[PDB]
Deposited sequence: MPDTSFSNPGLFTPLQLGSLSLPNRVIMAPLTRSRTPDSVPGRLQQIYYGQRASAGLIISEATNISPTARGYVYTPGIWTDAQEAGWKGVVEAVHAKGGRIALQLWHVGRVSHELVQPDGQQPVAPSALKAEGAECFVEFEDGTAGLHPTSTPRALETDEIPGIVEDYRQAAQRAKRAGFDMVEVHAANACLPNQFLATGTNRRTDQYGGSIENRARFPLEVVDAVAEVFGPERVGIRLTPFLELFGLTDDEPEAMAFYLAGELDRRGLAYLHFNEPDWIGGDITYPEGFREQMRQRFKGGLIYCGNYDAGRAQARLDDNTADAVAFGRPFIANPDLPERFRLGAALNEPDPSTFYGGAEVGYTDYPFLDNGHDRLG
């Protein structure tokens, strides 16, 4: 009968509470290298049971959005090391979310104007990515038509994830989270709409799951499976992605990741799920289960109560409330998020959302 402030063993990592900071792209690293401003922002939020970083590009060709951080260079690694140290000195734990956008990209953001890559050569209908144009302005821009990866290019991407994890581990991260959600590259492989391959990486459920599971295995070699998680979005349609077998894929992956002893599965809610889905997930996967999507303290506690989650992630409320878990403890009113400063810029709408004033703390 855990509550939001009951400690949780998430794989081999002890969390102090179950109020998790969801991964949140904020697009505040114009040179791709985290710095002091990120030290501040993440440090402010270090009371989170776990911080899951902003999505972090694992290579140049992984990128779809300018001004987002990377984890393929020495300088990027050094920047994250500083951020991690900052989180640790404030009593926190942080996981790096490992990102490759696949088809959700454009030549203009690719290195040397390379074509985006994907399981299959299908443009994401209606999707926009965020590009810097030749004149130095930036903006949302329709994604372009990707090329289908060659079978022999797939190992190289797995290795890009592996090296990202190696860098993450050296930088001091407590965990990594494989981003297989929100219609990014691993999700593109998982989903029937986006994966029309006829090699060993498409067709059947096992084939579609093959590359994502290679990624999980590679990163788990680095961190241990007990310090790896994965984000999944069964039933979510985003960036043109559709899927005829979301439930069956979810159950297959649950069983495969359970065998591997993964620390957690993290579901971002389409919010629907069929009745019984959450119950099945809890039976099929014996590690940590984290759910995200419009939660507040009451709704989160209900999933603890139903034995369908071990913890709950919060996105927009952690943007706006660096001390979200304390606010939930006291039932204190939350700061309102300002969507106009979710992305880009600097400290405004990033590190200037206030903490509670308990009448004793002094700065």
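Enquirer: Give the ranges of the deposited sequence, numbered from 1, for which the structure holds no C-alpha coordinates, in sequence order.
Expert: Seq positions lacking coordinates: 1-7, 279-284, 377.
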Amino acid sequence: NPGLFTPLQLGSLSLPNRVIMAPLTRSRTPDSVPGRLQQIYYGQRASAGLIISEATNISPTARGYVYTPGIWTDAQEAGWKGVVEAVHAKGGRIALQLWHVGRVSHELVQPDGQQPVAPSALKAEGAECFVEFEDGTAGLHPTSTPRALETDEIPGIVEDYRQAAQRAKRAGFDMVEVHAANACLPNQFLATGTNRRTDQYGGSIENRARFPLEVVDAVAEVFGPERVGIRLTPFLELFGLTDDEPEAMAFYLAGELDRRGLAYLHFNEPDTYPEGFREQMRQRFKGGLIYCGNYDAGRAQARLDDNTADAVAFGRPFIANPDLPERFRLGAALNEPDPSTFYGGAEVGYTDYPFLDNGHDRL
From here on, numbers count along this sequence of modelled residues.
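Enquirer: If you average the CA temperature factors as listed in the entry, which stretch comes out higher, 198-206 or 68-76?
Expert: Higher of the two, by average CA B-factor, is 198-206.
Enquirer: Mean C-alpha B-factor higher for 33-41, or for 48-56?
Expert: According to the PDB entry, the answer is 33-41.
Enquirer: Per the entry's Cα B factor values, which of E85, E177, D174, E125 stands out as the maximum?
Expert: That would be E125, according to the entry.
Enquirer: Among the choices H100, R227, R282, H266, identify the one whose CA B-factor in the record is greatest.
Expert: Of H100, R227, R282, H266, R282 has the highest C-alpha B-factor.
Enquirer: Rank-wise, by C-alpha B-factor, drop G359 into the lowest, middle or highest third of its chain.
Expert: For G359, the deposited C-alpha B-factor lands in the highest third.
Enquirer: Using only modelled residues of the chain, where does the Cα B factor of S340 rank: lowest third, middle third or highest third?
Expert: For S340, whose C-alpha B-factor we compare with every modelled residue in the chain, the answer is the highest third.
Enquirer: Sorting the chain's modelled residues by C-alpha B-factor, tell me whether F277 ends up in the lowest, middle or highest third.
Expert: Middle third, going by the recorded CA B-factors of the chain.
Enquirer: Among the modelled residues of its chain, does the C-alpha B-factor of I157 lie in the lowest, middle or highest third?
Expert: As the PDB entry reports it, the C-alpha B-factor of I157 lands in the middle third of its chain.
Enquirer: Relative to the other modelled residues of the same chain, rank the CA B-factor of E326 and answer lowest, middle or highest third.
Expert: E326: CA B-factor falls in the lowest third of its chain.
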